[PDB]
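Engineer: Right, I'll just put the structure down here and ask away after.
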Amino acid sequence: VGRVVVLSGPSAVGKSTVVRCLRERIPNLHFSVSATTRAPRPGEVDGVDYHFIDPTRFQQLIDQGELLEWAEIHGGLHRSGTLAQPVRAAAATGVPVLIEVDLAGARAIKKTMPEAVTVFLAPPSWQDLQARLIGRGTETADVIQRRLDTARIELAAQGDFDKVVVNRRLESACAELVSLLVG
Ligand SMILES: Nc1nc2c(ncn2[C@@H]2O[C@H](COP(=O)(O)OP(=O)(O)O)[C@@H](O)[C@H]2O)c(=O)[nH]1
């Protein structure tokens with residue numbers, strides 16, 4: 001049986017680089033393809049970037065209990081979420097699975113699939129994070145203050161997770177995750 005790992009953390013912090021490394025380290029890693037009801041952009045392959053389904057079917061799947069999690073996107077313009085069946089099918093086939101979602105999504109997935117292992121990817125310190133949120137200082141004080149506030153709230157609830165990986169160094173963050181996914 002493949003391990004299922006749900007990767008989340010602070011919302012203002014992109015994890016695509018970490019995801020990219022894991023996929024390079026674990027050759028047969030199945031990165032969860034979210035379902036969505038928005039249309040494909042050119043270059044997007046159905047079954048690879050998303051599973052593109054229409055609003056009516058997405059609702060069916062909600063009603064049948066077939067999303068581990070879902071959400072309204074851009075205030076309900078469309079929906080996206082994680083399909084249960086591919087995740088379980090991959091796992092039973094023995095392939096390891098990584099799901100990368102926001103915090104509400106990971107919380108929701110722990111309920112619908114409790115054998116999944118949730119991981120909060122934490123900053124090495126509050127100051128490391130703060131520095132990155134201020135960044136180049138191209139945003140307004142109001143916006144930055146909101147980010148810093150948002151971040152402290154999110155950091156304060158990392159204890160809801162099965163596991164904390166402190167991202168001190170990319171390669172050892174990635175090493176800890178590899179261990180959870182196959183070790
Ligand atoms: N709840 C939930 N949100 C998703 C899922 N997939 C994508 N999203 C959200 O949709 C937003 C925008 O999608 P897009 O611009 O194509 O790139 P993305 O940011 O990687 O998803 C993201 O901020 C995600 O939080 C999912 O499976 N579940």
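Naming scheme: A, B, ... for chains in displayed order of the structure tokens; residues 1 onward per chain; ligands 1 onward as shown.
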Output as JSON lines one row per residue of chain A within 7 Å of ligand 1: the closest atom pair and its distance in Å to one decimal place, counting only C-alpha atoms and all ligand atoms, sorted by chain and residue number ascending.

Structural biologist:
```
{"residue": "A:34", "atom": "CA", "partner": "ligand 1", "partner_atom_place_in_ligand_line": "27 (O)", "distance": 4.2}
{"residue": "A:35", "atom": "CA", "partner": "ligand 1", "partner_atom_place_in_ligand_line": "27 (O)", "distance": 6.2}
{"residue": "A:69", "atom": "CA", "partner": "ligand 1", "partner_atom_place_in_ligand_line": "1 (N)", "distance": 6.1}
{"residue": "A:70", "atom": "CA", "partner": "ligand 1", "partner_atom_place_in_ligand_line": "1 (N)", "distance": 4.3}
{"residue": "A:71", "atom": "CA", "partner": "ligand 1", "partner_atom_place_in_ligand_line": "1 (N)", "distance": 4.3}
{"residue": "A:73", "atom": "CA", "partner": "ligand 1", "partner_atom_place_in_ligand_line": "10 (O)", "distance": 6.0}
{"residue": "A:80", "atom": "CA", "partner": "ligand 1", "partner_atom_place_in_ligand_line": "26 (C)", "distance": 4.7}
{"residue": "A:81", "atom": "CA", "partner": "ligand 1", "partner_atom_place_in_ligand_line": "27 (O)", "distance": 3.2}
{"residue": "A:82", "atom": "CA", "partner": "ligand 1", "partner_atom_place_in_ligand_line": "27 (O)", "distance": 4.4}
{"residue": "A:101", "atom": "CA", "partner": "ligand 1", "partner_atom_place_in_ligand_line": "28 (N)", "distance": 6.0}
{"residue": "A:102", "atom": "CA", "partner": "ligand 1", "partner_atom_place_in_ligand_line": "25 (O)", "distance": 5.8}
{"residue": "A:105", "atom": "CA", "partner": "ligand 1", "partner_atom_place_in_ligand_line": "1 (N)", "distance": 5.2}
```

Engineer: Which residues of range 74-149 of chain A have any atom within 10 Å of an atom in range 15-23 of chain A when counting only C-alpha atoms, and what is the closest pair of atoms for each, with the distance in Å to one decimal? Order the rows by chain and rising number and write it as CSV.

Structural biologist:
```
residue,atom,partner,partner_atom,distance
A:98,CA,A:19,CA,8.4
A:99,CA,A:19,CA,9.5
A:100,CA,A:19,CA,8.1
A:101,CA,A:15,CA,9.8
A:121,CA,A:15,CA,8.9
```

Engineer: Would you compute the distance between CA of residue 31 in chain A and CA of residue 182 in chain A? Give it in Å to one decimal.

Structural biologist: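 The value is 13.9 Å.
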
Engineer: Rank nothing, just name the residue among A:116, A:175, A:62, A:148 nearest to residue 130 in chain A, using only C-alpha atoms.

Structural biologist: A:148

Engineer: Nearest residue to residue 157 in chain A out of A:114, A:84, A:38, A:119, using only C-alpha atoms?

Structural biologist: A:119

Engineer: Need the shell around residue 134 in chain A: protein/DNA/RNA residues with any atom at most 10 Å away, counting only C-alpha atoms. Skip same-chain ones fewer than 3 positions apart. Format as a count of residues only?

Structural biologist: 13

Engineer: In terms of the shortest atom-to-atom distance over only C-alpha atoms, which of A:142, A:24, A:72, A:149 is closest to residue 171 in chain A?

Structural biologist: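 Of A:142, A:24, A:72, A:149, the one nearest residue 171 in chain A is A:24, counting only C-alpha atoms.
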
Engineer: Name the closest residue to residue 87 in chain A among the candidates A:59, A:127, A:32, A:8; distances are taken between atoms, counting only C-alpha atoms.

Structural biologist: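 Checking each of A:59, A:127, A:32, A:8 against residue 87 in chain A, counting only C-alpha atoms, the winner is A:32.
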
Engineer: Can you tell me, as a ChimeraX atom specification, what residues are no more than 8 Å from residue 163 in chain A when counting only C-alpha atoms, ignoring any on the same chain fewer than 5 positions away?

Structural biologist: /A:117-120

Engineer: Those residues you just picked out, can you put them in a file as an mmCIF file, in the first residue's frame with N, CA, C and O atoms?

Structural biologist:
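Writing done, so here's out.cif:
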```cif
data_model
loop_
_atom_site.group_PDB
_atom_site.id
_atom_site.type_symbol
_atom_site.label_atom_id
_atom_site.label_comp_id
_atom_site.auth_asym_id
_atom_site.auth_seq_id
_atom_site.Cartn_x
_atom_site.Cartn_y
_atom_site.Cartn_z
ATOM 1 N N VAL A 117 -1.491 11.209 5.803
ATOM 2 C CA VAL A 117 -0.613 11.856 6.755
ATOM 3 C C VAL A 117 -0.519 13.306 6.366
ATOM 4 O O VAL A 117 -0.077 13.617 5.269
ATOM 5 N N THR A 118 -0.943 14.192 7.258
ATOM 6 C CA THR A 118 -0.867 15.624 7.027
ATOM 7 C C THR A 118 0.448 16.214 7.515
ATOM 8 O O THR A 118 0.922 15.919 8.618
ATOM 9 N N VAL A 119 0.993 17.119 6.692
ATOM 10 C CA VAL A 119 2.259 17.752 6.991
ATOM 11 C C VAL A 119 2.122 19.232 6.795
ATOM 12 O O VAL A 119 1.718 19.689 5.712
ATOM 13 N N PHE A 120 2.419 19.974 7.855
ATOM 14 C CA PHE A 120 2.554 21.420 7.793
ATOM 15 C C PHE A 120 4.039 21.689 7.549
ATOM 16 O O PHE A 120 4.902 21.220 8.295
#
```
